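A.B. asks: The structure is given below, and queries will be raised subsequently.
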Amino acid sequence: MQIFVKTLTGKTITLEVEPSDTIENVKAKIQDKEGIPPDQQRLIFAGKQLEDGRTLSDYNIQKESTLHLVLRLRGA
Amino acid sequence: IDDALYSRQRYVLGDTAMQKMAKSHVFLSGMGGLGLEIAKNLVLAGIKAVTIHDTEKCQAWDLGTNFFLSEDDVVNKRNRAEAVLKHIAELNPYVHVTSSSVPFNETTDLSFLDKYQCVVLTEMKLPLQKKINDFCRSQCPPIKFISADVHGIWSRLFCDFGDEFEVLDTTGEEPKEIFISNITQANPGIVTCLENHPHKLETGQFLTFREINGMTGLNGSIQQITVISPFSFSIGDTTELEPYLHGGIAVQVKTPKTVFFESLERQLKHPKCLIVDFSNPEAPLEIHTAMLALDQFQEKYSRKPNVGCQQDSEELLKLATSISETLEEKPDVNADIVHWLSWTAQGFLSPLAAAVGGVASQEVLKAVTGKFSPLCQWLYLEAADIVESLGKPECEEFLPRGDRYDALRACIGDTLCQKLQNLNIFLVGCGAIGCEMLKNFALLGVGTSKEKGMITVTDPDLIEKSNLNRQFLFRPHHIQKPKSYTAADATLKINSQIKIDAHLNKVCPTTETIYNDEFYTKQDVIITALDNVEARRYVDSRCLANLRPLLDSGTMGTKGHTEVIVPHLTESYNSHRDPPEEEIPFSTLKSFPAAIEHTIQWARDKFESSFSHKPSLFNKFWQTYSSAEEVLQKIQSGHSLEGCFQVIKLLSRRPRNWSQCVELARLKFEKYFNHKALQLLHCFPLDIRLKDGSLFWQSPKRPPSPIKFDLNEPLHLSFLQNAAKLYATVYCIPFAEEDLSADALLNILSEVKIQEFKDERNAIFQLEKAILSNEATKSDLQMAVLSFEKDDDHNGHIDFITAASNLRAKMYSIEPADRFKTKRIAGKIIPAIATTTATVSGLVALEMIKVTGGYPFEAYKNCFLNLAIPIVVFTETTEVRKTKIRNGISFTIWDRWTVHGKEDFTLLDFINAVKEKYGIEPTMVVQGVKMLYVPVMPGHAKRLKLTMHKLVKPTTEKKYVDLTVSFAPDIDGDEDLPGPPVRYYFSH
Amino acid sequence: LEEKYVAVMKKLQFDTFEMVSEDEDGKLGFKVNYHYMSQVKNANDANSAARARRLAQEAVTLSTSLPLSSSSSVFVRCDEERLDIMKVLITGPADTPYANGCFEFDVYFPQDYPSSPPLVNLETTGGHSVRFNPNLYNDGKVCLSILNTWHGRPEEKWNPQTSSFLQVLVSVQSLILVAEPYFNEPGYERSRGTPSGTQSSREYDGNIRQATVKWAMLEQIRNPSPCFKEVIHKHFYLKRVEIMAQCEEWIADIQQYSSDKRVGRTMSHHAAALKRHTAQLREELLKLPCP
Ligand SMILES: O=P(O)(O)O[C@H]1[C@H](OP(=O)(O)O)[C@@H](OP(=O)(O)O)[C@H](OP(=O)(O)O)[C@@H](OP(=O)(O)O)[C@H]1OP(=O)(O)O
Ligand SMILES: *P(=O)(O)OC[C@H]1O[C@@H](n2cnc3c(N)ncnc32)[C@H](O)[C@@H]1O
């Protein structure tokens, strides 16, 4: 199954996953292409934040679905 | 460009964009709240000329939406455009602002619009907008068109930049740099990146190459790539070229892009809206239909719908149904949206206006400069969640009463308005966001009730010249005054009933005494506008201990975020980690730089070490011991001393006048930029090889080369002048500005020789020589300590740093950097602009109402946005997490256990009490970072027979202390199960 | 002898010492020289709680698993109250130029530990005048992959789940203090086995031997740190004969290359310095009272 991860600043990342995979493994797959540690990344789907310990089937993620990667900022 | 005022903005826009911003005229129509916000943001941005236009007159209803009018203006019935002209021009004296009042109608001659370059329309009937849009887009060149409106809690934005628009920078992110490892003479060729470090590229992008050995034909060319693997990609045919030897650097190339727009009349039948909430992707079309139906109704009846009149709602619903089937996509009709739009058609919500104004100002900047990717083509923001949780309120609660809060009352109702006026709110920091939050509070009437209500704002900093660009509450004649007092005085003018208490403290663990737990208990909501993560974490920990809501926000450039924390519902700030700055590896920084940042960091560290640490050590050492003869005697007796060699060496090489300072600077130049290269080459020759045969001086390492001194080069002269001035300042040697001339330096250096390139007894001899020369007086054992000051243009710090960095870069043959980039990198200045701060402040003000109303968990939202794409993401806040330990016992981060003790309570009694009350027994008690009972370490076995009062050593003001505990795991060899913090009371 | 040395020293590997005392105002006064004073004073935040649990778990391992033998040993001291202050003493292995030395380190655990590796600094630099090893800069910085966070390799970083302080100590002792420190520098291992490499290694070894004889035995005996006074006194008392034999052998070996021309002057200078140091070391050892 094919999914897309669109981060802010327009960069698009292509991922291969299968249902039954676990959110933590899905996010660890991101590191192989970005170097971002799993504990440092938040990913959002359909207005909900994907919690750890769940699987894709629970959130009903299907083929060609889009997930966003977001970060907090420090300036003020 | 006077950098002292636009220092922050240049890092975002750029020199070319700022050049294009000047020589630009903008026409702005409709001086409502939204128009005023747009005008304020544009004037702060720095447009050359702005023309504001309006035809109505001030009314009492306008006081609740405009933060520049006054009672006198309403009494005198002045024109709205004229009454605000004077105050707006005060924001920036470099901007020429003019007012106009020519009537707009169907027969107005639109020929005069060709003078301007962008038109922003607000509070205009739809047919006039259609006509103006038709006229503007047909000019040669076309005139940009932007429309914006706010009705109650619903907003609409529209853009049109002509048939074809050109963008010079799609994303605004700086290109990255990659190192080539291998190339193949194949069709197509295959390029393999270095080990690790994925290229992070995508198909279709363009690259250029340089510094390649063997494949010299590829140097300076441009290729289009096709990603194959995370560590490799492909380029064009290379079979006809020489074999690849080694080396190579590829850097991404930016490419202009062309986008297409459509006229307003055509877009009304199938808009290309932008999705902001992916839970309801179909909402924007329904909102568009509802707004169009409202416009048709207003045209038909020449009035807006009255609140509570059901026939108006039925008519509006029928109009919406008629319109919807005519649309190309044929969507459904949302009854709830139409109902609420009818209910609050005559209201006005200030924070939504602020957010829309910020977005519109960013769009105007995009239109005039072409810097970023423009919006295409609609945007529909709304705050329905505020009223969705009210249920079915009565119509009487929304009727106007005849004061300045009529608009807000018509928006949200009387009860929520009254609950707003009794808030006690604590605001941390008074930066760019703080002023906007204060303005929004003043407009909302927060804390204006006589009986209850207060606003507390704390900030220790003072007003600076560069701060006036973003913070509009400050004025040029306010420099070097506390921020909090000025902000309070400015805010009191907007609303006379506001009660603000201002402080000058900095929220930190040292000042915890004044901000005790009773103070936090008194407050109702805490808002932060900080700029560092340590303060954010400390404030979050403090709020977590008293169950108080927290609202947090931050911006950097064109990106921003907001977060909401509510007790018993959501996780705290500390539940997520933040990315720290990556450290440069020590060898790369010290000996093998490969980019300009490494040289800049080296120069900064050299400045710190040479002018701060060493003088401090010298002063401390010579204040530890009274006399130099005493030190000499102690040395002669074999007594060891700490840092004696360094301080005695500094004493021996102490200059005495200006000429010796110049000579010292020359020697420092030689030592820094000549001998290091020779030593490094001597240790590692250019042809040395590793085990596998690869040359040692391969990428990313760059071989160095010595630099010969020459006074004609400006760089050498600048370095010499700055170093001489700094050394003279440190050693307290008087000097005059005439001595800094090139001729004087040439005369001084004409008799100075340069040594060629190749302990206790020496130190004793040098100290004795200093003793016999009467050089050890009290005045000689003193050196001034300097501090880094990046905002001063005459101390010479930045000049020295830039000169050193550029010299070291040329030593390693790297491209130099100018003064401003060096200043930004050295000072770690965060780029900022007014639009993003206004937007995030509006969103935070929106969320504050939901926090006040006590809405359920599903109402709160978090926003992550990047206006450069543009892209906005609304998500639900993180739900609380259950954590268990044993026996089915579970706890959340908001839990806290309590144990009541007495005067003779012992540690064993504490353990037994916890075990009996909660069912499990602790195995380690630690107070903060100071341990109290750990069985492993020696001597703690006997601590079980001690009084807790002695064992804690508390302060009499506090009646309780907080402790952390841990519990033994079920299976040995595993980490102890964490537990909730436990609060211990000394007595009943 | 080795059994007696092991038996005596096993009771001193782990203990606690009083380093920081607090007054009524909460100010901190250090009774011993500490390299990270400023960070301790500035970082007063008590938000960290997982650090306490991690250190409490580690103290279980540190009380029994520290290496201990006649060749090399490790000693650790920690504050009576705080948990983020430690001092480490490591004795140089045998058959190396660092033989029978006493090297002292300073360790500080940051607030966000174990998310970040602890900071380690060398203190036996002889006033920053000596570079003891390619990985031990003369300013005191110890450079290792496990203590750094950079691109590198995923298995060559401080991994919060698996990496531990004991690994840091063992890595330092096993990888930094080796038989031939000259070849730790990459780029030199190509010339291994060549006469030029052998000559350079001999010069480096002579310099390191004289440096350690000066700043690792004599100075430690004369001005021991208060934390490790008893350990040092009992360590040098029990191994005086071996130290004398080793010093005599080192003096004998260096002079074998005094007749060379390329490195003869350096070897002669090193031999003179070593003789001067040994002359005073003999008197210092002879006057050492029995513990
Ligand atoms: O104190 P630091 O900032 O670490 O700089 C020192 C210092 O150079 P300066 O005092 O000229 O800045 C050393 O000189 P001394 O004061 O100790 O005599 C010098 O040592 P050398 O004179 O022996 O070269 C050493 O350079 P190195 O470590 O290469 O020996 C160099 O360090 P950096 O310039 O790399 O900081
Ligand atoms: P931005 O940098 O524009 O504004 C931030 C302002 O907040 C103040 N500030 C920073 N850190 C603190 C703490 N801990 N307490 C109170 N105020 C703080 C800065 O001085 C800026 O004025």
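These residue numbers are counts, starting from 1, taken along the chain as shown.
Method reported for this entry: electron microscopy, 3.1 Å.
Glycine is no exception: its Cβ is also placed from the backbone N, Cα and C atoms.
Below are the features listed in Swiss-Prot for this protein:
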- B:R8, B:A432, B:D459, B:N467, B:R470, B:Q471, B:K483, B:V507, B:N532: ATP binding site (BINDING)
- B:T16: phosphothreonine (MOD_RES)
- B:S263: phosphoserine (MOD_RES)
- B:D461, B:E464: Mg(2+) 1 binding site (BINDING)
- B:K506: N6-acetyllysine (MOD_RES)
- B:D531: Mg(2+) 2 binding site (BINDING)
- B:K691: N6-acetyllysine (MOD_RES)
- B:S699: phosphoserine (MOD_RES)
A.B. asks: For B:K506 (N6-acetyllysine), identify the closest of the recorded positions B:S263, B:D459, B:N532, B:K691, judging by Cα separation.
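C.D. replies: The smallest Cα gap between B:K506 (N6-acetyllysine) and any of the recorded positions is with B:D459.
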A.B. asks: Of B:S263, B:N532, B:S699, the recorded positions given in the record, which has the fewest other CB atoms within 10 A of its CB?
C.D. replies: B:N532
A.B. asks: Where B:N532 (ATP binding site) and B:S699 (phosphoserine) are concerned, what is their Cα separation in Å, rounded?
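C.D. replies: Cα of B:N532 (ATP binding site) to Cα of B:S699 (phosphoserine) measures 36 Å after rounding.
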A.B. asks: Which of B:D459, B:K506, B:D531, B:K691, B:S699 (recorded positions) reach within a Cβ distance of under 8 Å of chain C?
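C.D. replies: In terms of proximity to chain C, the recorded positions that count are B:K691, given in sequence order.
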A.B. asks: Can you tell me the three-state DSSP label for B:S699 (phosphoserine)?
C.D. replies: coil
A.B. asks: Among the recorded positions B:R8, B:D459, B:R470, B:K483, B:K691, whose Cβ has the fewest other Cβ atoms within 10 Å?
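C.D. replies: Relative to the other recorded positions in B:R8, B:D459, B:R470, B:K483, B:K691, B:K691 has the fewest Cβ atoms within 10 Å.
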A.B. asks: What's the CA to CA span in angstrom from B:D531 (Mg(2+) 2 binding site) over to B:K691 (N6-acetyllysine)?
C.D. replies: 49
A.B. asks: For B:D461 (Mg(2+) 1 binding site), which residues in the same chain are close in space, meaning a Cβ under 8 Å from its Cβ, but six or more apart along the sequence?
C.D. replies: B:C430, B:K483
A.B. asks: Take the Cβ of B:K506 (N6-acetyllysine) and count every other Cβ within 10 Å, whichever protein chain it belongs to.
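C.D. replies: So the number of other Cβ atoms within 10 Å of B:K506 (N6-acetyllysine) is 14.
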A.B. asks: If you draw a 10 Å sphere around the Cβ of B:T16 (phosphothreonine), how many other Cβ atoms fall inside it, taking every protein chain shown into account?
C.D. replies: 13
A.B. asks: May I ask you to pick out the recorded positions among B:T16, B:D531, B:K691 with a CB closer than 8 angstroms to chain A's CB atoms, ordered by sequence, or 'none' if no residue qualifies?
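C.D. replies: From B:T16, B:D531, B:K691, flagged as close to A: B:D531.
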A.B. asks: Going by C-alpha distance, which of the binding-site residues B:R8, B:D459, B:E464, B:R470 is nearest to B:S699 (phosphoserine)?
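C.D. replies: That would be B:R8, the closest of B:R8, B:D459, B:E464, B:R470 to B:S699 (phosphoserine).
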A.B. asks: Going along the chain, which residues six or more apart from B:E464 (Mg(2+) 1 binding site) have their CB under 8 A from its CB?
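C.D. replies: Sequence-distant Cβ neighbours: B:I479, B:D791.
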A.B. asks: Can you tell me which of these recorded positions sit near ligand 2, meaning the Cβ is under 6 Å from at least one of its atoms: B:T16, B:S263, B:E464, B:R470, B:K691, B:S699?
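C.D. replies: Among the recorded positions listed, not one has its Cβ under 6 Å from ligand 2.
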A.B. asks: Looking at the modified residues listed here (B:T16, B:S263, B:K691), whose Cα lies nearest to that of B:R8 (ATP binding site)?
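C.D. replies: Closest by Cα: B:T16.
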A.B. asks: List the Cα distance (Å, whole number) between B:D459 (ATP binding site) and B:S263 (phosphoserine).
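C.D. replies: It is 49 Å, counting Cα to Cα.
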